[PDB]
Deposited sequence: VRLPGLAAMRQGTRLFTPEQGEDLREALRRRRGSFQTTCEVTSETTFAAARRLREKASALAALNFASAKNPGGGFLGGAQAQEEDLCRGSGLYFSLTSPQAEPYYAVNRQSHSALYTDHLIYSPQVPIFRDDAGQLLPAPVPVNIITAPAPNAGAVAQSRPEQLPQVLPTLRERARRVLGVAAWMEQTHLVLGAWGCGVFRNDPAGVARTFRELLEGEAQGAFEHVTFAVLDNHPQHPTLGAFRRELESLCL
């Protein structure tokens, strides 16, 4: 059996190549200035925030903190959760999307490449607790690996100064894909700040410079769903301070 919605999701999954980084920056240009973007930082899981925003949102995308070598990352982690409660993994393994993992496997570097996976209308089937929803809710998803900072530190430390130059260059492509497919509502988060070991305050600043810069106004509403189980909330806190300008 195939679960409803999946067939059309796999058909519509498209790949964005490194050479299309130019056309993705033009897409930001055409969307810049469209809304008076309002912004918020919540302690939600990516899918919880998505469902919350679903009703009011015209076009709703979520960012998957993906692995660069395995669909679902080989399985705590956000991509592992997206795959338990939705249709993601059937879209990430679609034949058309395989160059993303193929090239990244040859890559030789823990910075990875600038392939992205857009998956339209990914049904969320289950809530955080693992219970089925009375009906599935669709959410478009953008898949991009943040550079593995921890793998870099162990293998090519001469590459550490390019970690942030990659995170920026790549977060601009994510927002590029999102403007490209004319999304109104984004759920972002602490991309690369767990298993991949980048600093949260660094990632959060990156996004900020983008949303007051090349992507200022490209989106109606951007939610940072940072799930942070620790009592003193380090990852979450960094996103609140570094984004307190934009949520006011």
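Chemist: Give the ranges of the deposited sequence, numbered from 1, for which the structure holds no C-alpha coordinates, in sequence order.
Modeler: Just one stretch lacks coordinates - namely 76-79.
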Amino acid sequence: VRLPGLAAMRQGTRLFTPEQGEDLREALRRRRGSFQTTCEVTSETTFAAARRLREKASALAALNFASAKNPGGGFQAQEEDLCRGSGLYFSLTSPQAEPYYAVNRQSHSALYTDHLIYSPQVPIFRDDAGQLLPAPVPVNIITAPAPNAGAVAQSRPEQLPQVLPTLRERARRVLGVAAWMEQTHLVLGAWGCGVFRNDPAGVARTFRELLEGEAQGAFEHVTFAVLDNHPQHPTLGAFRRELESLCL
From here on, numbers count along this sequence of modelled residues.
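Basically, rigid core = biggest C-alpha set you can superpose within 1.5 Å across the two forms.
Chemist: Just give me the stretch that moves more in 4 other deposited structures of this protein: 19-27 or 228-236, judged by RMS C-alpha distance after a core fit.
Modeler: Relative to the shown form, the greater RMS C-alpha distance in 4 other deposited structures of this protein belongs to 228-236.
Chemist: Taking the root mean square of C-alpha distances over all structures and residues in 4 other deposited structures of this protein, with a rigid core superposition, name the larger of 52-60 and 34-42.
Modeler: Comparing 52-60 with 34-42, the larger C-alpha deviation in 4 other deposited structures of this protein belongs to 52-60.
Chemist: Comparing 102-110 with 116-124, which has the greater mean CA B-factor as deposited?
Modeler: The stretch with the larger mean CA B-factor is 102-110.
Chemist: Could you check the entry and say whether 139-147 or 76-84 has the higher mean CA B-factor?
Modeler: The deposited B-factors put 76-84 ahead on the C-alpha mean.
Chemist: Determine which member of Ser91, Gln162, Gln96, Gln131 has the highest CA B-factor, using the values in the deposited entry.
Modeler: The listed residue with the largest C-alpha B-factor is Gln162.
Chemist: Against its chain's modelled residues, does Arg156's Cα B factor rank lowest, middle or highest third?
Modeler: Middle third, going by the recorded CA B-factors of the chain.
Chemist: Please place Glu220 in the lowest, middle or highest third of its chain by C-alpha B factor as given in the entry.
Modeler: Middle third.
Chemist: Relative to the other modelled residues in the chain, which third contains the C-alpha temperature factor of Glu212: lowest, middle or highest?
Modeler: Its C-alpha B-factor, which the entry lists for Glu212, ranks in the middle third among residues of this chain.
Chemist: Hey, what third does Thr45 fall into on Cα B-factor, ranked over its chain?
Modeler: Bottom third by C-alpha B-factor.
Chemist: Among the modelled residues of this chain, does the Cα B factor of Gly202 put it in the lowest, middle or highest third?
Modeler: Tercile = middle for this residue's CA B-factor.
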